[PDB]
Amino acid sequence: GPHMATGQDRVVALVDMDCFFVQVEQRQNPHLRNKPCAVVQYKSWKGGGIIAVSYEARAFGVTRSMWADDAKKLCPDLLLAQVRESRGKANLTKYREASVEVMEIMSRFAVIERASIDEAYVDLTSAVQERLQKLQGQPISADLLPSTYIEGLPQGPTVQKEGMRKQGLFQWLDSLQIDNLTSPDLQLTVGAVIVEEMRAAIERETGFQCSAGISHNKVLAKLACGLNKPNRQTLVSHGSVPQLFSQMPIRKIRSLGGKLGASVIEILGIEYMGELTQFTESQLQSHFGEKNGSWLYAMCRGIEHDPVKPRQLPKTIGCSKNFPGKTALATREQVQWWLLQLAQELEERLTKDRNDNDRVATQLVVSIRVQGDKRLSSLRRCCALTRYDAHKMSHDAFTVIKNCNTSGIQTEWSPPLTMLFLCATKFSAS
DNA sequence: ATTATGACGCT
DNA sequence: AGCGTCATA
Ligand SMILES: [Ca+2]
Ligand SMILES: [Mn+2]
């Protein structure tokens with residue numbers, strides 16, 4: 001009891017931009033602001049595929065991975081912004097550059113781990129200790145947490161949402177013991193103060209709104225972030241975990257949304273995260289392996305130790321294109337033309353990366369899919385990447401994959417290719 | 001005929 | 001190394 005770790009040593013936040021590609025387009029085009037709108041890629045096939053949706057549009061049932069023509073059936077007034085096309089393919093440069101804007105602001109506050117194009121983890125443990133010493137055991141005012149929800153509160157002995165938020169925050173702050181600098185609840189609270197400041201800086205300096213979660217580890221921070229979107233932040237305390245997890249579907253936890261999570265549910269005959277506490281660590285290891293079992297055993301108790309890695313930049317730079325249905329590449333020169341298109345975009349991004357970040361990729365990965373296959377990827381081969389030249393890279397890509405062709409005729413390609421992928425990897429300092 | 005990515009684990 | 005899993009706009 002004295003020695004049982006509680007996984008409360010760190011303060012971790014996850015900051016996630018609201019409807020990110022939509023906000024990027026709304027900043028650019030004021031006519032889209034405060035409207036049901038979505039971002040789409042391509043247009044010919046069923047109006048294009050939606051990849052981001054404003055909250056106004058979500059209210060009509062518009063979702064990601066919906067065709068625009070179908071979204072227009074739910075929301076006739078839906079406004080659409082198209083992803084840029086370059087060299088015959090969608091080009092995401094505008095959103096990658098907006099991502100860098102936000103990541104650079106966050107980095108002023110602390111070490112961040114880039115987790116996607118629109119979100120990053122923050123280890124706030126040191127920043128919190130410093131702010132605590134400035135504070136001199138002075139109470140934290142509700143005024144410093146103007147957009148913060150405390151998960152699980154209010155509780156016990158107003159019908160409007162902002163009213164409930166303040167009720168919960170007051171109960172939380174009323175309870176706090178600001179006298180103890182080592183108190184995990186106090187540490188989370190100060191972490192939340194800092195994240196309010198970070199989110200205010202992001203909005204001031206970019207125009208973009210975001211949500212955030214604050215907790216003691218990455219999984220809880222990610223879960224917290226989702227609880228009160230958009231434009232709000234949520235503090236999930238160690239103490240809030242039993243109630244939170246008691247009705248939390250297992251698939252909601254990061255890494256459990258796929259096959260492993262489905263197996264936890266099936267094998268154990270349970271539905272909610274909290275139900276995992278009734279198994280021994282060895283039981284969980286027996287079913288799910290040493291690593292997953294130990295992870296699950298601690299995670300269902302609110303404990304996880306995965307560090308926030310100090311990495312602000314992506315580890316790989318890749319370019320890919322699908323060729324679905326009848327557009328599949330059936331001739332050699334088709335294949336070679338697109339390999340060149342991909343390689344030209346890759347060269348452009350790599351050259352920019354080398355100048356910005358002082359590094360060079362050393363490996364080129366080539367991937368394809370074949371019609372009827374499998375699997376998102378059918379085949380993956382690597383070769384050396386020694387010069388940032390598209391023509392060399394595309395010639396090299398063709399070399400490592402040309403034996404995939406089962407056509408006796410070398411002018412034809414069989415089976416037709418439904419995907420091409422070029423990825424640069426293994427960066428070295430330059 | 002969601003598409004275009006990007007990280008990490010297994011063997 | 002090559003494959004598979006899981007994730008995000
Ligand atoms: Ca987001
Ligand atoms: Mn995200």
Side-chain angles (χ1 to χ4, degrees), chain A residues 14-102 115-120 147 149 160-162 199 202-213 222 225-234 251-252 257 319-327 345 376 418-419:
Chain A
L14 182 279
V15 179
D16 186 278
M17 312 303 294
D18 298 331
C19 57
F20 184 47
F21 288 13
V22 162
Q23 285 199 91
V24 174
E25 297 292 337
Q26 288 175 321
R27 181 175 71 172
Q28 191 178 313
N29 182 359
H31 285 136
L32 306 178
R33 300 176 183 182
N34 306 299
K35 297 273 168 42
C37 60
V39 174
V40 63
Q41 73 199 348
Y42 306 116
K43 206 93 200 206
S44 316
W45 186 267
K46 298 179 171 180
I50 294 176
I51 56 171
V53 186
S54 77
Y55 281 84
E56 294 84 346
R58 299 182 193 193
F60 292 87
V62 187
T63 70
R64 163 185 307 111
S65 104
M66 194 171 268
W67 299 114
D69 287 346
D70 296 336
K72 278 287 202 177
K73 303 173 182 174
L74 299 176
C75 180
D77 293 313
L78 181 67
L79 299 180
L80 298 175
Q82 293 186 249
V83 173
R84 172 186 211 199
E85 285 175 47
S86 300
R87 301 186 164 98
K89 67 182 296 299
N91 193 295
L92 304 171
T93 295
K94 187 197 295 182
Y95 315 106
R96 289 190 186 102
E97 291 175 343
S99 178
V100 169
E101 279 182 75
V102 174
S116 76
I117 197 165
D118 92 319
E119 77 205 79
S147 64
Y149 282 79
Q160 64 179 20
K161 153 222 140 183
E162 169 64 14
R199 293 179 46 247
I202 293 169
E203 197 182 352
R204 189 184 75 81
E205 302 180 24
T206 70
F208 301 144
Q209 290 178 351
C210 61
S211 297
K222 177 57 169 178
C225 184
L227 295 174
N228 291 283
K229 282 201 158 252
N231 198 33
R232 298 288 185 268
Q233 54 183 65
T234 305
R251 72 184 169 272
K252 302 300 185 183
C319 206
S320 71
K321 183 162 180 48
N322 289 347
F323 305 94
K326 269 87 137 175
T327 71
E345 177 184 331
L376 284 47
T418 53
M419 188 270 293

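Chain identifiers are assigned alphabetically (A, B, ...) following the order of the sequence lines, protein sequences preceding nucleic acid strands; residue numbering begins at 1 within each chain.
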Which residues share a salt bridge (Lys or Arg N to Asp or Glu O under 4.0 Å) with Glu203(A), sequence neighbours left out: none
Which atom of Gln41(A) lies closest to which atom of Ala90(A), heavy atoms considered: OE1-CB, 3.8 Å
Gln26(A) side chain near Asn34(A) side chain, heavy-atom distance below 4.5 Å: no
Residue pair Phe208(A) / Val24(A), side-chain heavy-atom distance below 4.5 Å: yes
Residue pair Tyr149(A) / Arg232(A), side-chain heavy-atom distance below 4.5 Å: yes
Sequence-distant partners of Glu205(A), salt bridge (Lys or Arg N to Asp or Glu O under 4.0 Å), two or more places apart: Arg108(A)
Partners passing salt bridge (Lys or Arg N to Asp or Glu O under 4.0 Å) against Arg27(A) (at least two apart in sequence or in another chain): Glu101(A)
Nearest-0.5 Å distance, SG of residue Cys210(A) to CG of residue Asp16(A): 8.0 Å
Any donor-acceptor N or O pair under 3.5 Å, side chains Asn228(A), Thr234(A): yes
All ring-ring contact (aromatic ring centres under 6.0 Å, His included) counterparts of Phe21(A), not counting sequence neighbours: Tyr95(A)
Side chains of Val62(A) and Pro36(A) in contact at under 4.5 Å (non-hydrogen atoms): no
Spacing of CE belonging to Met66(A) relative to CG belonging to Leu78(A), to within rounding of 0.5 Å: 10.0 Å
Exceeds 12 heavy-atom contacts within 6.0 angstrom, atom NZ of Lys252(A): no
Atom pair CZ (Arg199(A)) and CD (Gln233(A)), whose distance is rounded to the nearest 0.5 Å: 4.5 Å
Heavy atoms of other groups near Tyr42(A) OH, more than 12 under 6.0 Å: yes
Evaluation steps, side chain to side chain donor-acceptor pair (under 3.5 Å), between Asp18(A) and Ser211(A): CA-CA 7 Å; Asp18(A) 298 331; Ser211(A) 297; 2.9 Å; yes
Donor-acceptor list for residues 45-57 of chain A side chains, cut-off 3.5 Å, not counting sequence neighbours:
{"unit_1": "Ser54(A)", "atom_1": "OG", "unit_2": "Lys35(A)", "atom_2": "O", "d": "3.0"}
{"unit_1": "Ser54(A)", "atom_1": "OG", "unit_2": "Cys37(A)", "atom_2": "N", "d": "3.0"}
{"unit_1": "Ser54(A)", "atom_1": "OG", "unit_2": "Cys37(A)", "atom_2": "O", "d": "3.4"}
{"unit_1": "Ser54(A)", "atom_1": "OG", "unit_2": "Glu56(A)", "atom_2": "OE1", "d": "3.4"}
{"unit_1": "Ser54(A)", "atom_1": "OG", "unit_2": "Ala57(A)", "atom_2": "N", "d": "3.3"}
{"unit_1": "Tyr55(A)", "atom_1": "OH", "unit_2": "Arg58(A)", "atom_2": "NH1", "d": "3.3"}

Salt bridge (charged side-chain N to carboxylate O under 4.0 Å, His left out) partners of residues 72-94 of chain A, not counting sequence neighbours, each pair once: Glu25(A)-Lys94(A), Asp70(A)-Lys73(A), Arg87(A)-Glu348(A), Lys89(A)-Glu345(A)
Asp118(A) and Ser99(A): side chain donor to acceptor below 3.5 Å: no
Sub-4.5 Å side-chain heavy-atom contact between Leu80(A) and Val39(A): no
Residue pair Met419(A) / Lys321(A), side-chain heavy-atom distance below 4.5 Å: no
Side chain proximity check, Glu119(A) to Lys222(A), heavy atoms < 4.5 angstrom: yes
Validation row: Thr418(A), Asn322(A) side chains within 4.5 angstrom (heavy atoms): no
side-chain contact (heavy atoms from CB on, under 4.5 Å) between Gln209(A) and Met17(A), intermediate numbers included: CA-CA 6 Å; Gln209(A) 290 178 351; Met17(A) 312 303 294; over 6 Å; no
